[PDB]
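Okay, here we've got a single chain as structure tokens, the form deposited in one PDB entry, with questions on binding and movement later.
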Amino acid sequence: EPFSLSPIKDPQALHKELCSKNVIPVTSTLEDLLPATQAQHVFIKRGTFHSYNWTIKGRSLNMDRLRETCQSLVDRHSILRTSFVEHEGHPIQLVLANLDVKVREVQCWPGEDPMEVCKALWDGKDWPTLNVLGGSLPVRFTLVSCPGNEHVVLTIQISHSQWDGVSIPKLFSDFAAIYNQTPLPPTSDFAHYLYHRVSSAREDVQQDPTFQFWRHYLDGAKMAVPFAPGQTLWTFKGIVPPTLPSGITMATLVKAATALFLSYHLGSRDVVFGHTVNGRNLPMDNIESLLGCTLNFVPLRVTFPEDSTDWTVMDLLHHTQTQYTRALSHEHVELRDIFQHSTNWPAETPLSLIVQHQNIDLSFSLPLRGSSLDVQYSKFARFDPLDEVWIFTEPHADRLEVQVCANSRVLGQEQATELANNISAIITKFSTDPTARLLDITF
């Protein structure tokens, strides 16, 4: 039932207020109002904002159909017609309906490159004036054309509060299908994910198997805390794609390497750090395909035995993997709720290190139908960490790329290079000799 999770006594008054301030269209209606998730808020606070860019070349392009497909795409997915604002200091999402999609359109001078126009608008105003919590719809479309309309760039702007690695290819395949006039099966939206989470929660938190699980999982844990800490720095290190032992995933290999790294530097046999889970293990219709950000950042605990047990790399890999798989049915709840209900830690305790293995599409396509129609993908992206360090790993065909992303005040360039180097060295060492004794590992 709509508005059943609204923290606002009167949602319609808020919508009317936004319309009268010319923030959202006056003819829109308010379909729902829900809290934004902690993960959505993570991305918003970090200015996480993308332009997904499609360069379309050929004589077959139908500009009117392209335009109407933008409208139909937004009709289909309510997350794309969502507006975000803050109240009582914490973020809510307003799902709009009766929303007219208006495309920003540019007809270029002869010889003027459409992508260069897109880049100028991006750098000159689109991301520098971004203010997602002001309520302006983050999802909006731009169409930049050369005089013959046979060289065109279509862009889709979007906040990472509105997509994730699993579902962004569905945005593109739905777009193509709508343009190609292929019917699509009905789908659920992000609001329905949120309602389903609440329906599976027990009213008495003490009786909730998920918070019982996290209390048990984290029992006796102490999470290390960085000492007090510029610009966003990305640092990359590529290695030969690791050979996986049977039954062990690439994500496990990366997270086990990170755990060993931390055990050494912290002088600890019991480490807790953050990692990204996809949040799509909830039993609900269309969980695999609904569009939105169901990502979660949750604690991963790795506990090493005493030296006498003489663990091998394989023992660590198996343990690390089950320390993830144990939590699958419980991984969808708010981090601050895990900390409030299942630990003695302050609810607003942040994760200071987050490991995210990208076991998602690394390449994208928009298969628009036409005799002569070439479509090429590219993107612009903003992302600015706060006090945390991110480690992303991308499993390409010719390399596993270890990426470190952190503010230079938190992790200086020489330090980030060393982190990426050490983590990648451990991954390769684990891969090269999975039967090695942990006590014998150096890096």
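Residues that one form lacks are left out of the comparison. Each form is matched to the other, and the largest set of C-alpha atoms that superpose within 1.5 Å is called the rigid core. All residue numbers are counted from 1 along the displayed sequence.
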Q) According to the PDB entry, how many deposited residues between residue 229 and residue 230 are absent from the model (none, 1 to 3, 4 to 9, 10 or more)? A) 10 or more
Q: Read off the CA B-factors in the entry, average them over 182 to 190 and over 134 to 142, and name the higher stretch.
A: 182 to 190
Q: Select between 317 to 325 and 202 to 210 the stretch whose C-alpha atoms have the higher average B-factor in the entry.
A: 202 to 210
(Q) Take the CA temperature factors straight from the PDB entry and tell me which of 403, 407, 53, 69 peaks. (A) 69
(Q) Sorting 37, 60, 417, 378 by Cα temperature factor from the record, which one lands on top? (A) 60
Q.
Ranking every modelled residue in this chain by its Cα temperature factor as given in the entry, which third contains residue 116?
A. middle
(Q) Sorting by Cα B-factor within the chain, modelled residues only, which third would residue 373 end up in: lowest, middle or highest? (A) highest
Q) Within this chain, which third does the Cα B-factor at residue 255 fall in: lowest, middle or highest? A) lowest
Q. Among the modelled residues of its chain, does the C-alpha B-factor of residue 33 lie in the lowest, middle or highest third?
A. middle
Q: Report the third (lowest, middle or highest) to which the CA temperature factor of residue 45 belongs, ranking only the modelled residues of the same chain.
A: lowest
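What follows is about the form solved in complex with a partner chain, which we do not show.
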Q: Go through 173, 321, 340, 235 and name the one with a heavy atom inside 4.5 Å of its partner chain in the bound PDB entry.
A: 321
Q: Could you work out which of 284, 240, 362, 201 is the residue within 4.5 angstroms of its partner chain in the bound PDB entry, going by heavy atoms?
A: 284
Q: Considering its partner chain in the bound PDB entry, find the one stretch among 74 to 82, 206 to 214, 180 to 188, 321 to 329 with heavy atoms no farther than 4.5 Å from it.
A: 321 to 329
Q: Please state whether every one of the three residues 166, 249 and 280 places a non-hydrogen atom within 4.5 angstroms of its partner chain in the bound PDB entry.
A: yes
Q: Would you please decide whether residue 288 lies within 4.5 angstroms of its partner chain in the bound PDB entry, comparing each non-hydrogen atom pair?
A: yes
Q) Relative to the superposed core, which single residue of 181, 199, 363, 308 shows a CA shift of 2 Å or more between this form and the one not shown? A) 308
Q: After fitting on the rigid core, list every run of 3 or more consecutive residues where each C-alpha shifts 2 Å or more between this form and the one not shown, in sequence order.
A: 225 to 228, 306 to 309
